[PDB]
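Chemist: One structure coming up, written as structure tokens, with questions to follow.
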Amino acid sequence: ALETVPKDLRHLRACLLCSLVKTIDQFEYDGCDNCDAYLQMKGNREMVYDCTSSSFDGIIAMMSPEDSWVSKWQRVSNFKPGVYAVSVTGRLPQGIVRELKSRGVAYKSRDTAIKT
Amino acid sequence: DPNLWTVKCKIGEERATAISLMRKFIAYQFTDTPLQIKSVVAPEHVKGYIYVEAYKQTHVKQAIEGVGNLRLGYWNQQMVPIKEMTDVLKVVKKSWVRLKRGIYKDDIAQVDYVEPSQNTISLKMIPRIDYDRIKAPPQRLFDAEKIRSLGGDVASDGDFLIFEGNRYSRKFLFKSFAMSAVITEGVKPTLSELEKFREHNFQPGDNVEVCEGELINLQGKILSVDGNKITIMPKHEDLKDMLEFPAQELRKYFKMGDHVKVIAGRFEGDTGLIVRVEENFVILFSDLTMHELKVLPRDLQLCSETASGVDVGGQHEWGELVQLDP
Amino acid sequence: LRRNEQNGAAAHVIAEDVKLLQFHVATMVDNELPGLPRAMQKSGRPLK
Amino acid sequence: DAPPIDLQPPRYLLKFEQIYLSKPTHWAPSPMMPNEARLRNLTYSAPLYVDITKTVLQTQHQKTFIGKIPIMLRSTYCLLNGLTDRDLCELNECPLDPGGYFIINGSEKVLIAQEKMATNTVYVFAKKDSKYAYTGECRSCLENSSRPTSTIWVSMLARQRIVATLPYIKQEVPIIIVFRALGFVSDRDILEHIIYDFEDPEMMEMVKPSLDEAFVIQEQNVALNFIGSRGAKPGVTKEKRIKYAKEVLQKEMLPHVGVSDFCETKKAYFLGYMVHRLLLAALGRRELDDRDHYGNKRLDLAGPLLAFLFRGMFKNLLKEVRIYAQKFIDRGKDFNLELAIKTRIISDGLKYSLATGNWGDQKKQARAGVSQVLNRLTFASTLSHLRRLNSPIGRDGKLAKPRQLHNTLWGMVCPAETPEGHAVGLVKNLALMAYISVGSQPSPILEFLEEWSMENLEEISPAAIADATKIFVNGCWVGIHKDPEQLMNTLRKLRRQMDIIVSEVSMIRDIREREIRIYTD
DNA sequence: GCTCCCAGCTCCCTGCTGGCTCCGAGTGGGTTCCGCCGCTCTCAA
DNA sequence: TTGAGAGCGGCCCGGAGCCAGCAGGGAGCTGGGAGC
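As you go down the protein sequences, you meet chains i, j, 1 and 2 in turn. Per PDB author numbering, the first sequence runs over residues 2 to 117. Per PDB author numbering, the second sequence runs over residues 176 to 268, 276 to 318, 335 to 369, 371 to 396, 416 to 544. Per PDB author numbering, the third sequence runs over residues 290 to 337. Per PDB author numbering, the fourth sequence runs over residues 61 to 68, 81 to 99, 104 to 132, 140 to 242, 254 to 458, 461 to 617.
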């Protein structure tokens with residue numbers, strides 16, 4: 002909804018897991034809208050900087066993921082509606098990847114861009 | 176699956192139009208007239224028109240009947256081929279910089295000191311100023343004495359000087376400029392810029427030799443040329459088989475007594491006959507000026523059109539009469 | 290077109306700009322064409 | 061007539089209501109002598125103002148400069164108005180000069196009158212070269228119509255039916271299904287609208303193929319769907335095709351008789367009038383029309399020309415103003431009126447158009465030769481070039497008839513004054529007594545009719561139109577009356593005394609075919 | 001009861017009607033004309 | 001420091017072939033049934 006919708010173009014950066022494109026203000030105020038329980042995004046800034054990538058190429062406005070071939074392509078059909086990124090350039094830290102693997106959520110990279 | 180429709184918008188405002196239309200969808204999604212489209216696509220390398228992912232052109236029209244930036248596409252929208260989905264979705268990818283804005287656009291500037299604040303960096307730059315004489335511009339050296347004589351907005355601190363809206367110079372402008380306003384990648388200043396502050419060029423018809431490998435010392439004519447690894451097709455002497463060689467393996471070797479040309483350098487544009495080919499130094503007598511030129515095989519080139527005998531500017535020929543003084 | 294086929298190759302801008310380049314060379318052949326409108330200059334006069 | 065511009081978001085509308093014309097004045105505000113203007117290569121242009129009424140909260144902005152508009156010499160707002168010979172020779176201008184010409188950039192320019200086809204009048208001509216047997220054309224245009232004139236064609240096919259050629263229509267639609275789309279699905283009132291005197295068996299055998307072809311559609315909505323079909327913007331289904339048909343029937347079908355649901359029956363009656371004219375043309379009881387009749391040609395002066403050009407480029411100016419205000423309301427800032435108005439886009443466009451003589455804004461093609469340079473060689477030469485008339489029929493052609501000398505020129509144009517070169521006969525020079533009608537509003541005339549006893553067409557019974565005589569004003573049909581006698585005489589004497597009927601407005605009483613037409617145009 | 005002359009079929013082919021380019025005699029002389037919009041820094045108040 | 005200006009930078013009919021659409025003969029194809 003409007004909480005997921007960004008309010009301004011300044012300091013736009015996308016998440017590393019769900020590729021959610023939201024600003025720093027609503028990362029600080031609300032954190033993630035998809036895997037906030039699996040990431041514990043609230044209450045810190047350095048870990049949010051580590052868990053988000055400031056370089057993203059292209060955005061997609063998926064809001065009906067159950068009937069979207071684009072959502073099936075980027076495997077975001079099971080996620081909540083919002084603003085998502087096609088390509089996210091980055092990687093989670095090894096400890097966060099290992100604790101996500103221990104909790105049972107395998108980290109799949111969103112870097113779908115073709116590197117040369 | 177919904178299809179993509181091209182709708183035309185104002186150039187440079189596609190992202191703002193997309194933000195405005197999705198905000199309108201937010202404002203009117205709970206109303207009696209929701210937008211039945213699925214999504215919109217605004218590629219970063221596509222300017223002039225955007226894509227609407229929707230089922231019907233009527234739905235596209237009902238989406239784009241908002242801000243007047245989409246009027247020329249509100250007249251008519253076009254369809255995208257089904258195989259073009261992937262091609263739409265694909266995304267393709276003590277220093278020197280160049281300035282973006284101002285009167286100093288596209289000029290080489292030497293980043294001397296880098297501020298750790300990541301906001302501005304100090305640049306040594308050649309001033310394109312008239313020293314407050316014409317304005318009430336080619337590159338030239340800074341003249342502190344001349345600008346002090348002309349006066350105006352000027353502050354003298356020996357070698358350091360401030361003029362014309364906090365323009366700082368020392369001995371050469373030394374001014375802080377924005378990180379977003381400078382380009383730190385893909386500058387590559389030349390030797391003239393180095394004084395102020416590899417390459418492969420093979421052409422068909424030329425003869426190149428192989429100096430290494432099991433096919434050592436083999437002279438063949440150039441048929442093709444590529445970027446880095448050419449995989450050339452050489453026409454070797456007493457060899458009808460068509461080999462493969464890269465530019466790093468090949469060397470531009472020419473037989474004794476042929477018309478040779480200099481592609482670049484001080485001796486560029488000259489034609490002559492070689493005298494003696496050493497391992498790096500090739501000496502030639504040029505044709506219009508029977509003069510000794512010592513050039514590299516890489517700088518050498520073979521062609522059939524001799525020297526025209528005229529300057530680069532097209533004003534004076536060789537062996538000409540001019541006025542040194544009246 | 291050369292830069293776009295070198296790097297982008299999205300092929301839709303390629304086809305559309307090739308169509309405009311074809312119209313441009315057709316205008317070079319003849320400014321007046323029954324099938325397409327003639328070119329226009331800022332001076333207000335049709336091209337020759 | 062230009063509508064107020066309204067835009068949302082906070083709505084606001086801006087309207088122009090009062091003109092403030094001023095004496096010509098450049099800047104230090106000082107008037108220009110026409111002599112010194114033409115010597116300094118200036119123009120004799122007068123400042124123009126309007127007042128602005130905005131309602132965002141009502142704001143009034145009086146005396147707002149639009150631009151400078153050219154004035155010809157010796158006009159009612161010129162400096163050379165009322166000055167005698169002594170005053171004029173003190174002001175170093177010739178007292179014997181006639182005046183009435185524009186001076187642009189110092190250059191001396193004179194408009195040449197253009198001759199045009201008559202407007203809002205049915206016209207029948209021989210069309211044997213085409214597939215049709217006969218054609219009746221009507222150029223429909225309202226007085227101060229923002230859209231340009233349209234043309235309605237009705238055609239008798241050569242073979254035997256009747257179809258129509260309509261604007262924004264790619265097909266030839268039958269008249270009966272046009273009547274059914276209008277709403278008259280009854281054969282009885284279709285017949286009673288296409289004829290006035292019911293006893294017409296010759297009409298029976300020359301109308302029977304059209305209705306005997308078109309009876310199969312009997313529904314107004316089906317007919318409107320057919321109108322929407324084969325159109326410029328056809329609907330996918332009957333939905334919005336009925337809307338396209340309705341807007342064609344309103345805007346495009348006879349705007350000169352009015353555009354309303356109340357005017358729809360007047361449209362039907364007048365369409366019956368043109369098809370009645372076509373039937374009498376086919377019978378030959380009524381003689382056909384000639385394009386060479388200067389009674390059926392009108393003569394445009396600079397007034398209608400300048401009014402039309404100013405209308406179009408004022409619409410362009412309003413487009414610029416509304417897009418400027420839309421840009422500021424997109425930016426979220428209040429629009430500025432003085433930066434919204436463009437003295438350049440009004441005054442420079444008018445000056446370029448008038449100086450060049452090309453009848454466009456900047457590019458348009462456009463008709464040239466509308467204004468030329470006055471031949472200051474002889475007083476007689478100046479008078480001839482001032483009283484010169486232009487027929488815009490195609491020069492450098494073999495079409496003999498429109499450049500032939502016609503009978504209808506006794507006292508209108510001197511016969512023995514023509515150019516000699518490639519265009520002989522398309523250019524005329526005005527005779528002595530000949531004067532052009534200035535034009536007047538016909539509303540007091542219609543009030544005279546209705547205070548008198550000439551009933552409108554909508555209240556009168558249909559069958560009791562057979563005996564009476566038709567009454568048209570400026571071509572469009574107004575009503576009927578039983579006895580045109582003594583009211584023709586009343587109109588003549590009232591025209592003579594200029595009490596309510598002016599001397600300029602004319603009236604013609606066809607007694608061979610029972611009608612009378614009033615021309616205020 | 002299956003070929004084969006024949007009948008119906010069925011493509012087969014030459015034979016009739018529409019949108020459409022392209023043309024439209026010889027010199028002087030005068031007048032008008034060839035961006036606009038965008039956009040960032042300089043000096044002024 | 002901010003505001004607007006100067007200048008750089010980008011955006012009226014003619015003929016006549018002529019193709020295309022359609023319409024009538026025409027032999028092949030395979031049934032129809034006459035013949036053996």
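All C-beta atoms in this analysis are idealised placements derived from N, C-alpha and C, irrespective of residue type, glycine included.
Using a Cβ-Cβ cutoff of 7 Å, what residues of the segment 18-35 of chain i are near chain j? List them in chain order.
Modeler: Residues: none.
Chemist: On a CA-only basis, which of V227 (chain j), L359 (chain j) and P388 (chain j) is nearest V263 (chain j)? Give me that one, please.
Modeler: Closest option to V263 (chain j), Cα to Cα, is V227 (chain j).
Chemist: Beta carbon of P123 (chain 2), beta carbon of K151 (chain 2): below 7 Å?
Modeler: Contact flag set, yes.
Chemist: Where do the N-terminal and C-terminal ends of the alpha helix (DSSP H) with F361 (chain j) fall, by residue?
Modeler: Element bounds for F361 (chain j): not the alpha helix (DSSP H) but the beta strand (DSSP E), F358 to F361.
Chemist: What does the alpha-carbon distance come out to for the pair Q311 (chain 1) and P515 (chain 2)?
Modeler: Going from the Cα of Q311 (chain 1) to the Cα of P515 (chain 2) covers about 48 Å.
Chemist: Which residues of chain i have a Cβ atom closer than 7 Å to the Cβ of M197 (chain j), listed in chain order?
Modeler: By Cβ distance, chain i contributes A62.
Chemist: Which of the three DSSP states, helix, strand or coil, is assigned to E333 (chain 2)?
Modeler: In this structure, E333 (chain 2) counts as coil in the three-state DSSP scheme.
Chemist: For the beta strand (DSSP E) holding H144 (chain 2), just list the boundary residues, first then last.
Modeler: Start and end: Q141 to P153.
Chemist: For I303 (chain 1) and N296 (chain 1), which I take to be in contact (beta-carbon distance under 8 Å), what is that distance rounded to the nearest angstrom?
Modeler: Incorrect: roughly 11 Å between the Cβ atoms, too far for contact.
Chemist: CA-CA distance, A300 (chain 1) and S442 (chain j)?
Modeler: So the alpha carbons of these two residues sit roughly 27 Å apart.
Chemist: How long is the line joining the alpha carbons of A512 (chain 2) and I311 (chain 2), rounded to whole angstroms?
Modeler: C-alpha separation (whole angstroms): 59 Å.
Chemist: Hey, would you say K213 (chain j) sits closer than 7 Å to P256 (chain j), going by beta carbons?
Modeler: Against a cut-off of 7 Å, the Cβ pair of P256 (chain j) and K213 (chain j) comes out as no contact.
Chemist: Can you tell me whether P81 (chain 2) is buried or exposed? The criterion is at least 16 other CB atoms within 10 Å of its CB, across all chains shown.
Modeler: Label assigned to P81 (chain 2): exposed.
Chemist: Just curious, the alpha helix (DSSP H) that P123 (chain 2) is in, first and last residue?
Modeler: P123 (chain 2) -> not in any alpha helix (DSSP H); beta strand (DSSP E) instead, spanning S121 to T131.
Chemist: If we cut at 7 Å on Cβ distances, does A86 (chain i) have a partner in chain j?
Modeler: No, because no Cβ of chain j sits closer than 7 Å to the Cβ of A86 (chain i).
Chemist: Any chance the segment 478-495 of chain 2 sits against the segment 149-167 of chain 2, with 3 or more Cβ pairs inside 8 Å?
Modeler: No: fewer than three Cβ pairs fall under 8 Å.
Chemist: Measure how close the beta-carbons of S367 (chain j) and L359 (chain j) come, nearest whole angstrom, since I'm counting them as under 8 Å.
Modeler: Between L359 (chain j) and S367 (chain j) the Cβ distance is about 5 Å, and since that is below 8 Å, they are a contact.
Chemist: Would you say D176 (chain j) lies against chain i (beta-carbon separation less than 7 Å)?
Modeler: Closer than 7 Å: yes.
Chemist: Could you tell me whether the segment 94-111 of chain i touches the segment 218-227 of chain j, using the rule of 3 or more Cβ pairs below 8 Å?
Modeler: Verdict: no, contact absent.
Chemist: Hey, quick one: how far does the alpha helix (DSSP H) through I284 (chain 2) stretch, first residue to last?
Modeler: That run of the alpha helix (DSSP H) goes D281 to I288.
Chemist: How is the beta strand (DSSP E) around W180 (chain j) delimited, first residue to last?
Modeler: Residues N178 to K183.
Chemist: Does the segment 268-279 of chain 2 come into contact with the segment 302-320 of chain 2, if we say contact requires no fewer than three beta-carbon pairs (one atom in each stretch) closer than 8 Å?
Modeler: Yes, they touch.
Chemist: Any idea what DSSP makes of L281 (chain j), helix, strand or coil?
Modeler: DSSP places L281 (chain j) in strand when its eight states are reduced to three.
Chemist: Could you tell me whether any Cβ in chain j is nearer than 7 Å to the Cβ of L40 (chain i)?
Modeler: For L40 (chain i), the answer is no, since every Cβ of chain j falls outside 7 Å of its Cβ.
Chemist: Candidates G465 (chain 2), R380 (chain 2) and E554 (chain 2): which alpha carbon is nearest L522 (chain 2)'s?
Modeler: Among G465 (chain 2), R380 (chain 2) and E554 (chain 2), the Cα nearest to that of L522 (chain 2) belongs to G465 (chain 2).
Chemist: Can you confirm whether the segment 38-49 of chain i touches the segment 189-206 of chain j when touching is taken to mean that 3 or more C-beta pairs between the two stretches lie within less than 8 Å?
Modeler: In short, these stretches do not touch, since the Cβ pair count stays below three.
Chemist: Does DSSP put residue 77 (chain 2) in a helix, a strand or coil?
Modeler: Gap note for chain 2: numbering proceeds from 68 to 81 with nothing in between, so residue 77 (chain 2) has no coordinates.
Chemist: Taking a Cβ distance cut-off of 8 Å, strictly less, list which residues of the segment 295-316 of chain 1 are near chain j, in chain order.
Modeler: Listed by position along the chain: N296, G297, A298, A299, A300, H301 and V302.
Chemist: Roughly how many angstroms separate the alpha carbons of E346 (chain 2) and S190 (chain 2), rounded to a whole number?
Modeler: Looking at the two C-alpha atoms, the distance is approximately 42 Å.
Chemist: Could you tell me the boundaries of the beta strand (DSSP E) in which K231 (chain j) lies?
Modeler: No beta strand (DSSP E) contains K231 (chain j), which DSSP labels as neither H nor E.
Chemist: What does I201 (chain j) touch in chain i if you count any residue whose Cβ is under 9 Å from its own?
Modeler: The answer, in chain order, is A2, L3 and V6.
Chemist: Is the beta carbon of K192 (chain 2) less than 7 Å from the beta carbon of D394 (chain 2)?
Modeler: Taking 7 Å as the Cβ cut-off, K192 (chain 2) and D394 (chain 2) do not qualify as a contacting pair.
Chemist: Between which two residues does the alpha helix (DSSP H) harbouring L433 (chain j) extend?
Modeler: It is not in any alpha helix (DSSP H) - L433 (chain j) carries neither H nor E in the DSSP assignment.
Chemist: Just curious, the beta strand (DSSP E) that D294 (chain j) is in, first and last residue?
Modeler: Taken as a continuous stretch (DSSP letters only), the beta strand (DSSP E) holding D294 (chain j) covers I290 to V296.
Chemist: Of the choices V106 (chain i), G83 (chain i), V71 (chain i) and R104 (chain i), whose alpha-carbon is the least far from that of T113 (chain i)?
Modeler: Nearest option by C-alpha distance: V71 (chain i).
Chemist: Quick check: is the beta carbon of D294 (chain j) nearer than 7 Å to any beta carbon in chain 1?
Modeler: Answer no: the Cβ-Cβ gap between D294 (chain j) and chain 1 never drops below 7 Å.
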